[PDB]
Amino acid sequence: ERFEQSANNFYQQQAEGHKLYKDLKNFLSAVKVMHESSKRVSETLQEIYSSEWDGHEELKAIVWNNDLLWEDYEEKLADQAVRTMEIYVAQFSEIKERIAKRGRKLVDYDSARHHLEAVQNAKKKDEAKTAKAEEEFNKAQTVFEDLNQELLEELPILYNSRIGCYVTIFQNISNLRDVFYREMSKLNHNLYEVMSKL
């Protein structure tokens, strides 16, 4: 009951992180498509503009700086948004497995329970294998107490981390975009001036 709804918490958390991660991944790669299409255009432009015409050199530098700006914007997005999501969502495969192993080690603890009520149900009916049962149950309890006690504190910590990570991620994007726009703005002006000189 307490778990099943907490695990329930963790799954909605997983599905949500996974939808976000996917959306970010799509965005990155729309940035690459936007980059690509801008590179093609400035090359056609670089071609249709004669090397004799004034500003042909400044045109060369715009095409170049356009590119270094897309590349840099793309790279930083990949680190600061996509990779950060990947670090974040990796936590979910580890936990899915930790919950798989907690489902087992409690089946063991319960059978080493089942087995020690039927080795000790024997006052003088028991032989040698009596402390071997008590040692077993104790190893099955310590195994499950660690995994469950450590799992019981870890899930909610992880659930509560979700907002901080979304916040870090979206400020990182805004910072990158802020700079990218400002820089692109300068080049946009330079582009107009070069053209105005034909």
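The numbering used is simple: start at 1 and walk along the sequence shown.
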query	finding
Stretch with the higher entry mean CA B-factor, where the candidates are 172-180 and 5-13	5-13
Stretch with the greater mean C-alpha B-factor as recorded in the entry, comparing 116-124 against 101-109	116-124
Residue with highest C-alpha B-factor in the PDB entry, from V63, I48, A140, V41	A140
Peak C-alpha temperature factor (PDB record), options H35, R162, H56, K132	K132
Third of chain Cα B-factors occupied by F144	highest
B-factor third for the C-alpha atom of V31 within its chain	lowest
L151 by Cα B-factor - lowest, middle or highest third of the modelled chain	highest
